[PDB]
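Below: one structure, written as structure tokens.
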There are 2 protein chains.
Amino acid sequence: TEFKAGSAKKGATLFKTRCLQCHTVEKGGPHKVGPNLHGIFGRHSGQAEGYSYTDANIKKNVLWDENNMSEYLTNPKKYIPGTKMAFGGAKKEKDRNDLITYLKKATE
Amino acid sequence: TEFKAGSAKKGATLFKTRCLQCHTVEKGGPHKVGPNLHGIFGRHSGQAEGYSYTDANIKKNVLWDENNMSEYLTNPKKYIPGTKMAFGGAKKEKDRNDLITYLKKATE
Ligand code: HEC
Ligand code: HEC
């Protein structure tokens with residue numbers, strides 16, 4: 001929509017340096033600070049099982065699609081006020097396109 | 001000196017998206033637009049054999065060291081006026097640290 005495909009390899013590294021500390025993407029992957037992200041796109045916010053989400057996350061009932069994920073990736077707390085994700089944000093569209101491209105591919 | 005180690009994987013991708021179009025790093029790698037970069041660090045500018053450099057490059061007789069490479073990576077034409085490298089430049093220190101870290105490792 002207002003999301004353009006980017007570098008999958010570029011995104012894989014962004015993930016390692018900004019997301020891996022708290023999340024996993026593989027199927028059969030374990031939750032850590034952050035919930036496992038396999039099958040995220042199309043799922044609504046706060047539905048992974050065996051993971052303890054904030055009230056904030058649950059109640060947004062965000063349908064993850066490349067578009068929304070881009071909003072959220074800019075500034076998680078402004079997007080979902082109350083959330084415990086301590087990620088400052090990805091101000092760069094290019095950075096986000098790359099990431100979501102990556103996520104798009106490795107979370108399926 | 002004024003160069004700090006960064007992400008090798010992060011740098012590998014930067015290379016793919018901004019350098020691979022014209023250069024190779026592997027030993028036994030071929031020149032393309034750009035010369036093969038194996039063994040670059042410690043070599044002086046314009047000495048790869050069988051590659052056609054500008055007068056500009058030769059005459060700088062730049063000793064490649066992480067430091068110099070960082071200068072050059074910011075703005076090649078301002079650094080070596082006359083050069084045919086059509087790279088706008090890496091204005092980001094973080095981007096450059098990552099790249100040189102990468103280069104440092106894969107050109108040896
Ligand atoms: C720890 C410092 C984190 C880092 C770095 C990143 N995330 Fe995160 N994430 C974290 C927590 C604690 C939570 C849950 C918040 C809550 O209120 O319960 C999250 C949540 C997400 C989600 C939503 C999950 C869902 O609804 O199933 C997404 C899509 C997500 N995180 C993605 C994500 C990406 C892509 C990151 C890297 C730039 C990233 N997070 C960083 C903790 C941490
Ligand atoms: C084609 C569009 C290029 C891209 C993209 C990059 N480089 Fe380049 N490089 C290119 C040329 C044509 C030349 C030679 C210029 C001349 O005057 O003859 C170069 C040269 C270099 C050098 C110096 C080589 C030496 O002295 O042996 C270096 C260190 C170098 N290039 C590195 C480099 C990196 C790290 C790049 C990605 C950010 C990059 N180049 C992009 C052509 C092209």
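Residue numbering restarts at 1 in every chain; chains get A, B, ... in the order shown in the structure tokens, and ligands count up from 1 in that same order.
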6 Å shell around ligand 2 using only C-alpha atoms and all ligand atoms, listed as a short mmCIF file (atom, residue, chain, number, x, y, z; two decimals) with C-alpha atoms, in the first residue's frame:
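Ended up saving to result-v1.cif:
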data_model
loop_
_atom_site.label_atom_id
_atom_site.label_comp_id
_atom_site.auth_asym_id
_atom_site.auth_seq_id
_atom_site.Cartn_x
_atom_site.Cartn_y
_atom_site.Cartn_z
CA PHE B 15 28.58 -4.42 0.70
CA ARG B 18 26.30 -0.68 -2.25
CA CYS B 19 29.53 -2.31 -3.43
CA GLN B 21 27.62 -4.15 -8.27
CA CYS B 22 31.15 -3.08 -8.98
CA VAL B 33 33.82 -2.02 -12.93
CA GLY B 34 35.82 -1.85 -9.75
CA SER B 45 45.97 2.83 -4.19
CA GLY B 46 46.01 1.75 -7.83
CA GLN B 47 48.30 -1.30 -7.60
CA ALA B 48 46.01 -4.25 -8.45
CA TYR B 53 42.86 2.91 -12.85
CA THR B 54 42.46 6.67 -13.36
CA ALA B 56 43.75 10.37 -9.97
CA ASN B 57 43.80 7.07 -8.08
CA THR B 83 38.30 9.14 -9.65
CA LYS B 84 35.81 7.12 -11.71
CA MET B 85 34.24 5.39 -8.69
CA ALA B 86 30.64 6.50 -8.97
CA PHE B 87 29.70 5.95 -5.33
#
Tell me, counting only C-alpha atoms, for each residue of chain B within 12 Å of chain A, which pair of atoms is nearest and how far apart they are in Å to one decimal, in rows ordered by chain and increasing number, as a tab-separated table.
residue	atom	partner	partner_atom	distance
B:6	CA	A:17	CA	10.6
B:7	CA	A:17	CA	8.3
B:8	CA	A:13	CA	9.7
B:9	CA	A:13	CA	6.4
B:10	CA	A:13	CA	5.4
B:11	CA	A:13	CA	9.0
B:12	CA	A:10	CA	8.9
B:13	CA	A:10	CA	5.4
B:14	CA	A:10	CA	7.3
B:15	CA	A:10	CA	10.0
B:16	CA	A:10	CA	8.7
B:17	CA	A:10	CA	8.0
B:18	CA	A:10	CA	11.2
B:98	CA	A:13	CA	11.3
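The space separating atom CA of residue 89 of chain A from atom 18 (O, counted along the ligand's line) of ligand 1 comes to 16.1 Å.
Restricting the calculation to only C-alpha atoms, the smallest distance between residue 108 of chain A and any of A:90, A:69, A:37, A:5 is found for A:37.
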From the DSSP assignment of the backbone, select every residue of segment 35-97 of chain A that is helix (DSSP H, G or I), and format the answer as a PDB file with N, CA, C and O atoms, in the first residue's frame.
ATOM      1  N   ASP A  55      -1.703  -5.566  28.949  1.00  0.00           N
ATOM      2  CA  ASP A  55      -3.127  -5.357  28.707  1.00  0.00           C
ATOM      3  C   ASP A  55      -3.222  -4.553  27.361  1.00  0.00           C
ATOM      4  O   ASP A  55      -4.169  -4.759  26.609  1.00  0.00           O
ATOM      5  N   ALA A  56      -2.315  -3.652  27.217  1.00  0.00           N
ATOM      6  CA  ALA A  56      -2.151  -2.737  26.102  1.00  0.00           C
ATOM      7  C   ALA A  56      -2.137  -3.457  24.750  1.00  0.00           C
ATOM      8  O   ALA A  56      -2.935  -3.086  23.860  1.00  0.00           O
ATOM      9  N   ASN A  57      -1.282  -4.469  24.652  1.00  0.00           N
ATOM     10  CA  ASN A  57      -1.140  -5.270  23.440  1.00  0.00           C
ATOM     11  C   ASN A  57      -2.427  -6.007  23.109  1.00  0.00           C
ATOM     12  O   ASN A  57      -2.921  -5.863  21.954  1.00  0.00           O
ATOM     13  N   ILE A  58      -2.962  -6.755  24.030  1.00  0.00           N
ATOM     14  CA  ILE A  58      -4.178  -7.525  23.838  1.00  0.00           C
ATOM     15  C   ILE A  58      -5.366  -6.773  23.226  1.00  0.00           C
ATOM     16  O   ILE A  58      -6.043  -7.285  22.291  1.00  0.00           O
ATOM     17  N   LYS A  59      -5.628  -5.649  23.871  1.00  0.00           N
ATOM     18  CA  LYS A  59      -6.707  -4.726  23.616  1.00  0.00           C
ATOM     19  C   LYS A  59      -6.595  -3.892  22.346  1.00  0.00           C
ATOM     20  O   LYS A  59      -7.593  -3.250  21.999  1.00  0.00           O
ATOM     21  N   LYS A  60      -5.433  -3.887  21.753  1.00  0.00           N
ATOM     22  CA  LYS A  60      -5.260  -3.149  20.463  1.00  0.00           C
ATOM     23  C   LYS A  60      -5.915  -4.104  19.439  1.00  0.00           C
ATOM     24  O   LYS A  60      -6.736  -3.649  18.628  1.00  0.00           O
ATOM     25  N   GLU A  66       1.938  -6.218   6.618  1.00  0.00           N
ATOM     26  CA  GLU A  66       3.110  -5.401   6.317  1.00  0.00           C
ATOM     27  C   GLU A  66       2.894  -3.933   6.587  1.00  0.00           C
ATOM     28  O   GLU A  66       3.806  -3.192   7.031  1.00  0.00           O
ATOM     29  N   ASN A  67       1.650  -3.528   6.341  1.00  0.00           N
ATOM     30  CA  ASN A  67       1.302  -2.098   6.517  1.00  0.00           C
ATOM     31  C   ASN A  67       1.365  -1.600   7.946  1.00  0.00           C
ATOM     32  O   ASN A  67       1.993  -0.579   8.261  1.00  0.00           O
ATOM     33  N   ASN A  68       0.656  -2.194   8.855  1.00  0.00           N
ATOM     34  CA  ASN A  68       0.493  -1.979  10.295  1.00  0.00           C
ATOM     35  C   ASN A  68       1.814  -2.095  11.077  1.00  0.00           C
ATOM     36  O   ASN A  68       2.201  -1.380  12.032  1.00  0.00           O
ATOM     37  N   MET A  69       2.514  -3.138  10.636  1.00  0.00           N
ATOM     38  CA  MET A  69       3.849  -3.507  11.181  1.00  0.00           C
ATOM     39  C   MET A  69       4.804  -2.350  10.910  1.00  0.00           C
ATOM     40  O   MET A  69       5.795  -2.129  11.645  1.00  0.00           O
ATOM     41  N   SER A  70       4.520  -1.652   9.794  1.00  0.00           N
ATOM     42  CA  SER A  70       5.397  -0.505   9.445  1.00  0.00           C
ATOM     43  C   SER A  70       5.091   0.656  10.376  1.00  0.00           C
ATOM     44  O   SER A  70       6.003   1.402  10.816  1.00  0.00           O
ATOM     45  N   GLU A  71       3.807   0.784  10.711  1.00  0.00           N
ATOM     46  CA  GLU A  71       3.388   1.915  11.594  1.00  0.00           C
ATOM     47  C   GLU A  71       4.071   1.734  12.941  1.00  0.00           C
ATOM     48  O   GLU A  71       4.876   2.519  13.475  1.00  0.00           O
ATOM     49  N   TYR A  72       3.771   0.556  13.455  1.00  0.00           N
ATOM     50  CA  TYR A  72       4.247   0.050  14.720  1.00  0.00           C
ATOM     51  C   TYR A  72       5.768   0.082  14.841  1.00  0.00           C
ATOM     52  O   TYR A  72       6.251   0.395  15.959  1.00  0.00           O
ATOM     53  N   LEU A  73       6.442  -0.213  13.706  1.00  0.00           N
ATOM     54  CA  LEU A  73       7.917  -0.243  13.749  1.00  0.00           C
ATOM     55  C   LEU A  73       8.521   1.116  13.874  1.00  0.00           C
ATOM     56  O   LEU A  73       9.685   1.235  14.301  1.00  0.00           O
ATOM     57  N   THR A  74       7.773   2.155  13.607  1.00  0.00           N
ATOM     58  CA  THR A  74       8.283   3.529  13.705  1.00  0.00           C
ATOM     59  C   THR A  74       8.394   3.995  15.139  1.00  0.00           C
ATOM     60  O   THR A  74       9.208   4.847  15.533  1.00  0.00           O
ATOM     61  N   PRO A  76       6.679   1.983  18.523  1.00  0.00           N
ATOM     62  CA  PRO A  76       5.789   1.017  19.207  1.00  0.00           C
ATOM     63  C   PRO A  76       4.950   1.640  20.319  1.00  0.00           C
ATOM     64  O   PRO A  76       3.712   1.522  20.237  1.00  0.00           O
ATOM     65  N   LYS A  77       5.519   2.360  21.275  1.00  0.00           N
ATOM     66  CA  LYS A  77       4.750   3.007  22.357  1.00  0.00           C
ATOM     67  C   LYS A  77       3.724   4.030  21.960  1.00  0.00           C
ATOM     68  O   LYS A  77       2.724   4.276  22.687  1.00  0.00           O
ATOM     69  N   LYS A  78       3.933   4.673  20.836  1.00  0.00           N
ATOM     70  CA  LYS A  78       2.961   5.725  20.353  1.00  0.00           C
ATOM     71  C   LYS A  78       1.848   4.971  19.655  1.00  0.00           C
ATOM     72  O   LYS A  78       0.634   5.283  19.725  1.00  0.00           O
ATOM     73  N   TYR A  79       2.196   3.872  19.033  1.00  0.00           N
ATOM     74  CA  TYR A  79       1.291   2.975  18.327  1.00  0.00           C
ATOM     75  C   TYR A  79       0.464   2.162  19.306  1.00  0.00           C
ATOM     76  O   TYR A  79      -0.775   2.049  19.129  1.00  0.00           O
ATOM     77  N   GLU A  93      12.265   4.651   6.604  1.00  0.00           N
ATOM     78  CA  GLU A  93      11.322   3.780   5.809  1.00  0.00           C
ATOM     79  C   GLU A  93      12.095   2.618   5.215  1.00  0.00           C
ATOM     80  O   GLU A  93      11.696   1.428   5.288  1.00  0.00           O
ATOM     81  N   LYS A  94      13.255   2.960   4.641  1.00  0.00           N
ATOM     82  CA  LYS A  94      14.099   1.916   3.990  1.00  0.00           C
ATOM     83  C   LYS A  94      14.413   0.791   4.964  1.00  0.00           C
ATOM     84  O   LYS A  94      14.360  -0.405   4.594  1.00  0.00           O
ATOM     85  N   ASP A  95      14.761   1.167   6.187  1.00  0.00           N
ATOM     86  CA  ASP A  95      15.103   0.185   7.247  1.00  0.00           C
ATOM     87  C   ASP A  95      13.907  -0.724   7.499  1.00  0.00           C
ATOM     88  O   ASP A  95      14.063  -1.933   7.518  1.00  0.00           O
ATOM     89  N   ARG A  96      12.750  -0.047   7.656  1.00  0.00           N
ATOM     90  CA  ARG A  96      11.507  -0.838   7.902  1.00  0.00           C
ATOM     91  C   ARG A  96      11.103  -1.726   6.756  1.00  0.00           C
ATOM     92  O   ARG A  96      10.631  -2.860   6.898  1.00  0.00           O
ATOM     93  N   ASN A  97      11.249  -1.204   5.525  1.00  0.00           N
ATOM     94  CA  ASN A  97      10.838  -2.027   4.335  1.00  0.00           C
ATOM     95  C   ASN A  97      11.667  -3.300   4.339  1.00  0.00           C
ATOM     96  O   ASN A  97      11.136  -4.414   4.194  1.00  0.00           O
TER      97      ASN A  97
END
